[PDB]
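Below you will find one chain, with nothing else, as structure tokens; this is the form deposited in one PDB entry, and questions on how it binds or moves follow later.
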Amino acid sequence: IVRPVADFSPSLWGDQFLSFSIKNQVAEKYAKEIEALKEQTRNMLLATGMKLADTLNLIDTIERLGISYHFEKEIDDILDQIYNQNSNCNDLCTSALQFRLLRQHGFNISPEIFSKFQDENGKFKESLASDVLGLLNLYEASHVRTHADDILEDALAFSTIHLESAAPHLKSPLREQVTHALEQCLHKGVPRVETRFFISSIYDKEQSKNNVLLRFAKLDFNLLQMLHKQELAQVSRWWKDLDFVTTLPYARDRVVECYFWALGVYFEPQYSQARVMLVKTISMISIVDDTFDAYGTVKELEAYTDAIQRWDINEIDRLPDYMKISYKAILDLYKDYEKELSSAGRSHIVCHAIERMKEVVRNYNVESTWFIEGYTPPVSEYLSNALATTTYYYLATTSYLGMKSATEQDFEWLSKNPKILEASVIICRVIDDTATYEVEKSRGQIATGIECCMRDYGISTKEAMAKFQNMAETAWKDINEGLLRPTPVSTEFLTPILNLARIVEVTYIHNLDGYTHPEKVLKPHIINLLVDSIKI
């Protein structure tokens, strides 16, 4: 057997994350000051007689500064009151911000709030075109629309064209905030990434910044970063001890990138265990993925797929030696998950992730079969297989494993492929397919999504691309509507799904697979989130 040649770039990180010793005196110092600042901030939010605009700005700032996770109850109580009083007497800036915060928190505020800013055709009054703050808030709000928000059909284009026009002559940091928003809207961005940017490049440079809030945001970011670096050191040591980098040299060595994904799914300290479980899973399926794509023969992959279905160490002897390595490691990892959840009496939910893994592997095999047969399925059949091969059902399921309050009922809801999860998977699928179409077209993969699309509908590459683009836009509307109250599960279990979609967007920004080629893509984020602390 002459396997394909190894074409993956090595880890760009070496061992710089392998060992990290937290400075306990610095951490304790930070935690102590944060305690005082957290109470001050709490009192800011509980203050009486605040104007609506000031209240919404306070909440937005605290959210963008990445410290809202300290104030879930307070922010929710305030937004609930605003939602209930339903005042409709403000400017575009405040109205657009009111609309976004409420929607993002699941309050289904009517889009009729925007009517006063439009004419009889539903077109935004082009006389708003010189209101940059209104436009910036309208722009950000345009990305939380649902299928019921056709009143906002023109909002993204209207705000984009006029913000683009105004941007070069804006003062700082507003110019930088606007230019950044045009590249990356807030609602679809990875929360820690947007927080790091907002703290350092924007709020730190605002003339009217609240100093207590800024100080709080920097200390809190840096203190959490310590925990993240601890988790990453731990996972790095775990990965190094597995030594796949030498014994499975064909596969991407990307544990840092895997960690970044887990950090994107949730950054809060209470999700420490959940992150570490998640990154190990992402790492392991990455090995599996590489095995199907760039190494294993038809026969071997058949064996591996069957072994995974049977999920039994007895099957290892049916596998080639190199496949024994990952198979044993996979089974061990899940026994470790079970053991790890034991004291909490939550070992019984691990099986949900296992079953999702089996689905990913089944469908990897189907993808391989289609490839060798030269099969080009219709889009519906293509998606019935290709959605799971994003691994996104599996990752969402995995993200719940270490979440202490995730119950069997939460997993059961997820098992039925709810709309919000389905949308996140579709977004992952269509963006990946869009990005990789030309690469894999030359690779000879006749069963790409775009190809299936062109042949199914009798359309051009450009039309197929656009149709895939529409599927992602539909899916983002489904995600937004899937966040609306009443939620089918606690919001806590929706945000990881939302965050998986956000990671896709960020990872394939500028149309390149960021995880396989982190250099341009993930590397800056990794440096910003896990290497450099925010300078105080």
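Basically, rigid core = biggest C-alpha set you can superpose within 1.5 Å across the two forms. Each residue number is its position in the shown sequence, starting from 1.
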item: Stretch exceeding the other in mean C-alpha B-factor - 231 to 239, 184 to 192; value: 231 to 239
item: 411 to 419 set against 135 to 143, stretch whose average Cα temperature factor tops the other in the entry; value: 411 to 419
item: Out of 480, 511, 490, 474, highest CA B-factor residue; value: 511
item: Most elevated Cα B-factor in the entry, residues 86, 94, 281, 380; value: 86
item: Within-chain third of residue 51 by Cα B-factor, per the entry; value: highest
item: Modelled-residue ranking by C-alpha temperature factor, third containing residue 163; value: lowest
item: Lowest, middle or highest third - CA B-factor, residue 394; value: lowest
item: Modelled-residue ranking by C-alpha temperature factor, third containing residue 28; value: highest
item: Residue 65, C-alpha B-factor rank within chain (lowest, middle or highest third); value: lowest
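Keep in mind that the form deposited in another entry is missing from the display, and what follows is about it.
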item	value
Candidates 298, 439, 344, 157 - which moves between the shown form and the other one, C-alpha at least 2 Å, core fixed	439
